[PDB]
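The data below hold one chain only, encoded as structure tokens and taken in the form deposited without the partner chain.
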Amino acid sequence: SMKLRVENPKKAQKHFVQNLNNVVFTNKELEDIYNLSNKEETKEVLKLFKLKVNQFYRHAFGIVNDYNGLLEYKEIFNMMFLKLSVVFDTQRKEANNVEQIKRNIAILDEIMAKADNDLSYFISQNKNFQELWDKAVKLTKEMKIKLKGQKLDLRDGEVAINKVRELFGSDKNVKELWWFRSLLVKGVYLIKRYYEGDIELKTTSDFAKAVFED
């Protein structure tokens, strides 16, 4: 039914860490870490490290952006940062060890992969979420057609919501679930971009991919 980021997810366990509130590192925080890598010889790998920390952040928020409707997403998001925090422990005591900085980078990747697995696992165990997430794609695809010749002036970010209320504002799921209605509101901005000839859409998110894929 719904495509997972990992087809056959390996068992995942929750540590009940969804209620943490400040897992994400601030810039000053990250900078104070980058600063430890003060030696010359390590300045090249320090770039690859900063680049990975960024890819990391984008990855994490990417998950909440696509799956905020899935209860277990806070668990996955928070775990990612709790793990990052451990890697940073090593980074702080190995600030100029290029081989270590490279291992850490490799681990930051592994942490992301694990996140995708675990996410796929929790999704597989929540058939209901799947039905809802698929239905959201279903209607966004219909909306892709429905708005074929209409005027979409989304400049003030007001029309999108109206259109969703106009075409599906009576759908039980669009009234009751904010996340579901949002996937559709998010969808019309995508459709708009599609019409303007945007070609990267499918790479924008799992949702965008599921929507604009055939």
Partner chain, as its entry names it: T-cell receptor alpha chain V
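We call the rigid core the largest set of C-alpha positions that still match within 1.5 Å between the two forms. Positions refer to the first chain, counted from 1.
What comes next is about the form deposited with the partner chain bound, which is not displayed.
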- How about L154: is it within 4.5 Å of the partner chain in the deposited complex, going by heavy atoms? yes
- Given that the partner is absent here, does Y34 sit within 4.5 Å of the partner chain in the deposited complex, heavy atoms only? no
- Task: Considering only heavy atoms, tell me if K47 and the partner chain come within 4.5 Å of each other in the deposited complex.
- Result: no
- Message: With the partner left out here, check for me: in the deposited complex, does some heavy atom of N27 sit within 4.5 Å of the partner chain?
- Response: yes
- Task: Please say whether, between the shown form and the other one, the C-alpha of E158 moves by 2 Å or more once the core is aligned.
- Result: yes
